[PDB]
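Every residue, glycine among them, receives a Cβ derived from its backbone with ideal geometry; neighbour counts consider all protein chains shown. Since every read-out is calculated from the coordinates, none of them should be taken as a lab result.
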Amino acid sequence: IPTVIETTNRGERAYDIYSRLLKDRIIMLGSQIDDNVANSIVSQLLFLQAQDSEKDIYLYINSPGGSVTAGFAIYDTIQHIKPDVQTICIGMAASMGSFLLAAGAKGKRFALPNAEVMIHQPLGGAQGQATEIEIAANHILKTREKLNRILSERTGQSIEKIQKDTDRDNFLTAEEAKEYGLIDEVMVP
Amino acid sequence: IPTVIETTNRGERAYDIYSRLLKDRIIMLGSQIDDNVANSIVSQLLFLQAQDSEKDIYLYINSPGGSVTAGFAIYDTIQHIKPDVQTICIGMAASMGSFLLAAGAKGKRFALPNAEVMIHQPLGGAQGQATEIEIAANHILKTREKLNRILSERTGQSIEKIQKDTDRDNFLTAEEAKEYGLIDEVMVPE
Amino acid sequence: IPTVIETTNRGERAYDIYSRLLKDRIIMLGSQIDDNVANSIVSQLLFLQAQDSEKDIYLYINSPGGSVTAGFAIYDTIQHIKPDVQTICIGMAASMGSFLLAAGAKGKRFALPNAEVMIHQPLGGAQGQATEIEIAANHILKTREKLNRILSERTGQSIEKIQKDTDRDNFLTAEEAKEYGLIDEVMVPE
Amino acid sequence: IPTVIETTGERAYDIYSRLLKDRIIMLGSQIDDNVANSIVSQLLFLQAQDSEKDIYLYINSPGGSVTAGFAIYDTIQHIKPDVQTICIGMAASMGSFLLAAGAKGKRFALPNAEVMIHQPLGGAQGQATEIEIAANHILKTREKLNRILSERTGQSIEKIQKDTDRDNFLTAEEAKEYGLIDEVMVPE
Amino acid sequence: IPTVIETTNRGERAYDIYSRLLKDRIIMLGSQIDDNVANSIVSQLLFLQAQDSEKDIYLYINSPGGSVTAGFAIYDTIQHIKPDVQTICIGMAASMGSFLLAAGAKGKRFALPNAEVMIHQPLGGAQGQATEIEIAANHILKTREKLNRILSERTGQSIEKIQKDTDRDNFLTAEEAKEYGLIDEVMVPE
Amino acid sequence: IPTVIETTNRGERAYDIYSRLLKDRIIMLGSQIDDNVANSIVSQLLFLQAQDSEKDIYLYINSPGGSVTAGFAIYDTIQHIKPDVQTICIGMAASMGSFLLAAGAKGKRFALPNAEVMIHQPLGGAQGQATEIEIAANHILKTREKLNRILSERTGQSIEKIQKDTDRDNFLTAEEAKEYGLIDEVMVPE
Amino acid sequence: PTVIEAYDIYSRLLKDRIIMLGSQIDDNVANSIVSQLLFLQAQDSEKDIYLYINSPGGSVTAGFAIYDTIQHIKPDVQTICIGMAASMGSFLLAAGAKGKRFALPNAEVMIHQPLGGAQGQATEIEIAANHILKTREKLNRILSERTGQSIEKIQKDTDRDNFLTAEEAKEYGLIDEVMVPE
Amino acid sequence: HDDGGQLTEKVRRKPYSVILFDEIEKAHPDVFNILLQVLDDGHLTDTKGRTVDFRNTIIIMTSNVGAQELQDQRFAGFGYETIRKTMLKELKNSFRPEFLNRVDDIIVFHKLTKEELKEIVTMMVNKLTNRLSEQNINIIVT
Ligand SMILES: [Mg+2]
């Protein structure tokens, strides 16, 4: 990762390329969502809200998904802060990645012309005594209820249509994602 | 972990994002609670008390749990210092995570609208002779007694109810946590 | 990685070789295209678009291949930014590597006199139930069709010719890559 | 590990170096040779920096090497400053030993820290004579530990012998009654 | 890696030994050639060609060889840039190492008095169906043809003599390397 | 390893704890003597000797032993330099640790009140042909002869007693180390 | 360890023209040593250079790269065996400038024929064996030149592992004198 | 001390004058603290205790933003007012707010356009042709 140095009257700022992008209120989500990544993303969102409470923030997405809990942390932070968050799918938005893609500000959700998005029901696992299998299954089902409900509220699609379509792995082009309501338009060059 | 540059009258300084949040008295608990994490959290709390003894401190919790000993280290530091510690659950508060969530100052414990909290009895283990297994079991039981007692004192829920409800893994929504008294109110978006 | 101290006016700064080359708008792709490589390349392209919107960019390619998704992220960023990107194949471009070589601006795609290029259908895999293998096969086939469509547009070869030519590994010399239409000329030395 | 900025200098520190500026030494990990070496170097530096202000040793460790524990102990005894010890979470094995090693009246535990004491662990392998030698050495190490604890709690050496036979977990109140700590420090 | 300090009219600069050598346009190729090493070497050559287009560049070679593709990337970069590249074998130049030793400018190729150089046909591999093994074998054979051609052009030895003499491993002393035409003179010590 | 703020007549310099102790001329030997540790100790001794030829040096020993060759390198350097080297056993000096402890300047060798020292014959190994085993055994035996001789010449203890007391792992308290002549006196606390 | 005047210890010693060879002579080590020797030649063409040797061995190629650099540069390179010189370690000790090769009083040196290996077809084993023999020829010849010992005596003494004390190394002519303390 | 301030003396001898402070960002930031009283009240006290009145002067402060400096201010991302806004915001990071608040107007000079360069060449050539013409050298440039 190369370093950018900006020379000023006061001194020298050295940025990694992601820190240089953050200067312009760009946040990069470019890896699997785990707790470390989500904590970084949340702290960046809060910082950008502080730095200026009224300018848009751009969240670039290129993630294979990840932990649902960490993606809800990012979602709730995006929903809390005053600035609108623009979400741009750079290359892939899979699982929670596509959930966060749909979480952008209304009218400010984008995909590049042939970046792909994918939606599926959440993965999980259990190993158990029968009561603990039951508990884990009920928790995972409630998590799917949450995700389906939020997607229905943000795509406008019916909750039955999402329950059906997310059953197996479902791949969508940028145009299919647009007519599915996950994104608002395709970024023409 | 990206770097922030902030320009100020006194000059211009670089911060990692977590140190920039720490300047606003925000502490991030983002990881499994182990000895070195809790030691770091204790040191941050002590420094924030030294810097100003009356401004609130905000503890941001996104942890799967961890060592009960380190959790009590953080709890006792939160109780000893004079500032109110606000606790905000971001993603998950589980095990000692939700314990430290309930440890926040009364009226200043929050969760985001669809955070989740989970409570259960402590995990452990014992190996060796019968007397060693007895000793380890007695210690784990007394630890559960401490945890139940503290939670019943801070939720106001009866100690028998917390003993019953922590028997298996118990996942709670933000509203369920508020009605259970683990949090004071759910944060509302603005 | 050797550090260069060369700097103007003050002359006080120092850069690793890659950041110094980034100052000359040189972007260097010498590895397999994984997600974080591509994400770095994309951020560098956006930076170079900001730094000057009309000076050309030089993209030196030597990737053995990589993730198709990451290659399309780079391809779409190259297509979106305003500067022309010169693509220069140094040793081998293969798989998505040669796709990114084709992605360069019309008339500014180059190879050195004895670089290789290779083109082939994308690799993949599937496991599990019949339904899931069907779904993965359909996805991989549609991805192949997308790649062959883009190659047919940029090369000007017919889609059926690329379909036949990409079935096995197809190593091409620089001259054969120019004749095919992946590159525009061979950079004969001074 | 976060970086701290303190405005009056406008100087940058990392949190442990900031604590060390206030003469706070943190022992947060298993005691090994390089950890104890670092703690010795910190104690010597703090003695040189000012010979009369107290030093604070905060302890949250599961134990470790007995030899490194005696290195720390003998350093705490050599220097003139009083070394305060505060058990933050767990003080087990040499951790509770170093906890007891603090200056009388300046040993504290948080209200629900837990401290644990036991006979040391070791191991012996090879010929009968080498096993005998290792057993004798471990027994003399236990004798040293028992003696020092008797001299620093006031508890009889036979009571220490009895109570350390198995693992023994003491709450902070029980640890005060045992005399390992002088009081359980109280919040505002 | 030790640090050098040096005083200069503008001020005082600290360097690591390879960056101090790079200040004098000395490139060190002291490791197995792979895509990351080729990436580094090409980046340095491009930087040096931008820094000054006329002064010689010195490539010190001490490598057991490596990937053929990365070696050709270095070779083609050396031929494409305008500055002359001197090559000095410091101890061993095997496989692509000796090839890159032959790549230096006419009259500016050297070896230390008892360094060794080794030449042999490239290693490769083939796996899968008969058709894929056929395609791999054809590719490796054309790579051998290409290497033999370049070596014959640059040493003046016949293509048949190189084809025979590279069949097995072939160890040459510096004097034998000069006789073969790989280097132009041995560095007489003084 | 913590950072230290020092020279509080100015408060400018931040030191790292071992560099601060080296400013005192305190060399720390806190790990198994391997080779790079010994090299670092030799370099520190030679620096302290060049920095001032007359002030004593202090070597702090806390080590379980190590490579015998490296210990002899430290020994020979301590003998070569002009300053007296004081040796202080902080926690343990075993094998080559206790050797270097005895190697200090006579009258300036100390142990902490309940530090422990241990002496034993050198460990080694031999594998292969009978003649190679013979050669290795002879070399190891002559190394033991060297260690025995130097120990006798620096403790004053008769060589046949050292030859007998090093037969097995011999653990000595600080008092017994003083009576064995290894240390000169036990450091008494204020 | 940081020395303040601030420097890492080896760079401070390098500013005194001390070079440290305290590890396995693999390849990156030798490359770093060659680069240090060249920088010291450019720093001053005539002051001595001091090479401190403590290496258990290494690659013969890297040893010859160091040797040829020591022979090429204009300064005299002093060599001191600080603890052990073995395989190419002792070869480079012998390679010092005549009259400036030293050992500490109870450092040890070891000399032996080079190790190698071969695998596969008979012809390839033959080729590798011939190469290894020619390399032993080179090492023997250079040792006979720089010690003055007869090449057959070296051929016999290096057949097995041959440990030598500092005194024995002086009598063998691997070193010129043992450093007396002061 | 028996000599005045150079600025104060020059203004005292020529009270109707234009004062140019040139490349202000290169000066030490605290040197401007002197001008605070000059811009709020038009009075500067010489060290002798002599009040010099600036009330009839025009005070101009030029500041340079280099090519790199103003390149670094551009937004990086997908897809003159923004230049002025960012340049002024960056100026606020270099000077005290109580200093800029004194200033009557802060003006941004735009990078010269191509036809502006053509008009500049026209004007410089016109001046040269006039100066040569009075030497009876008639000249014209295509
Ligand atoms: Mg005013």
**Study point:** Condition broken by D:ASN34, with the remaining ones in (1) within 12 Å of the chain's Cα centre (by Cα); (2) under 20 Å from D:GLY122 (Cα atoms) satisfied
**Key:** (1)
Point to revise | Test set (1) under 27 Å from F:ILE27 (Cα atoms); (2) facing another protein chain (nearest Cβ under 8 Å) - D:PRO81 fails condition number | key: (2)
Practice item. Among what's in the range F:26-57 and is more than 9 Å from every other protein chain (Cβ to nearest Cβ) and surrounded by fewer than 20 Cβ atoms within 10 Å (Cβ to Cβ), pick the residue that is farthest from D:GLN49 (Cα to Cα). Key: F:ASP34
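Each row is one residue, and each column tells you yes or no for (1) within 16 Å of the ligand (Cβ to nearest atom); (2) aromatic (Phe, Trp, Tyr); (3) more than 11 Å from every other protein chain (Cβ to nearest Cβ); (4) more than 30 Å from C:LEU46 (Cβ to Cβ).
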| residue | (1), (2), (3), (4) |
| --- | --- |
| H:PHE75 | no, yes, no, no |
| H:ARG84 | no, no, yes, no |
| H:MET87 | no, no, yes, no |
| H:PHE99 | yes, yes, yes, yes |
| H:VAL103 | yes, no, yes, yes |
| H:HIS110 | no, no, yes, no |
Review point. Quick one: is G:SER90 within 10 Å of chain E (Cβ to nearest Cβ) and assigned to a helix (DSSP H, G or I)?
Key: no
Review point. In the range E:101-147, how many residues are of a type outside the set (D, E, K, R) and within 23 Å of C:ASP169 (Cβ to Cβ)?
Key: 21
Practice item. With the condition kept exactly as written, say whether any residue in the range D:160-173 is closer than 25 Å to B:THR143 by Cβ, within 14 Å of chain B (Cβ to nearest Cβ), out of contact with any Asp or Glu (no Cβ under 8 Å at 6 or more places or on another chain) and among the small types (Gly, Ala, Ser). Key: no
Practice item. Scan the range D:102-141 residue by residue and report those that are small (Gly, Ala, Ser), surrounded by fewer than 24 Cβ atoms within 10 Å (Cβ to Cβ) and closer than 28 Å to F:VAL117 by Cβ. Key: D:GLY122, D:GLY123, D:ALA124, D:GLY126, D:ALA128, D:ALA134, D:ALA135
Exercise for review: Considering only residues that are part of a loop (DSSP other than H, G, I, E, B) and within 19 Å of H:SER63 (Cα to Cα), look in the range H:4-50 and name the one that is farthest from the ligand (Cβ to nearest atom).
Suggested key: H:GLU23
**Study point:** Residue check for G:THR147: within 14 Å of chain F (Cβ to nearest Cβ), within 16 Å of the chain's Cα centre (by Cα) and of a type in the set (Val, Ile, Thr)
**Key:** no
Point to revise | Among residues of the range A:142-167, those that are surrounded by 14 or more Cβ atoms within 10 Å (Cβ to Cβ) and part of a loop (DSSP other than H, G, I, E, B), counted | key: 2
Revision key, fill the gap. If we keep only residues of the range A:2-42 that are among the hydroxyl-bearing types (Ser, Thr, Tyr) and in a strand (DSSP E or B), then the residue nearest to B:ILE1 (Cα to Cα) is A:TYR15
Practice item. Consider only pairs whose beta carbons are under 8 Å apart and that are at least six residues apart or on different chains; among these, list those whose first residue lies in the range H:32-48 and is within 14 Å of chain A (Cβ to nearest Cβ) and whose second residue is within 13 Å of the ligand (Cβ to nearest atom) and part of a helix (DSSP H, G or I). Key: H:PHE32/H:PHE99
Practice item. Identify the single condition in (1) assigned to a loop (DSSP other than H, G, I, E, B); (2) within 16 Å of D:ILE88 (Cα to Cα) that D:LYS53 does not satisfy, given that it satisfies every other one. Key: (2)
Check your understanding: Are there any pairs with C-beta distances below 7 angstrom linking a residue in the range F:49-67 that is on the phi > 0 side of the Ramachandran plot to a residue that is assigned to a strand (DSSP E or B) and surrounded by 20 or more Cβ atoms within 10 Å (Cβ to Cβ), with the two at least 6 apart or on different chains, and if so which?
Key -> F:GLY65/F:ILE33; F:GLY65/F:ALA94; F:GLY66/F:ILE33
Check your understanding: In the set E:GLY71, E:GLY97, E:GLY30, which member is in contact with an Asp or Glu (Cβ under 8 Å, 6 or more places away or on another chain) and small (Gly, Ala, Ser)?
Key -> E:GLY30
Review point. So which of A:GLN32, A:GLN44 is closer than 30 Å to C:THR143 by Cα and either within 13 Å of chain C (Cβ to nearest Cβ) or buried (at least 22 other Cβ atoms within 10 Å of the Cβ) (or both)?
Key: A:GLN32
Point to revise | Selection count, the range C:7-24, where residues are small (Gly, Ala, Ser) and more than 14 Å from A:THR7 (Cα to Cα) | key: 1
Practice item. Would you please name the residue that is nearest to the ligand (Cβ to nearest atom), looking only at residues in the range H:51-73 that are assigned to a loop (DSSP other than H, G, I, E, B) and of a type in the set (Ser, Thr, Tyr)? Key: H:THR57
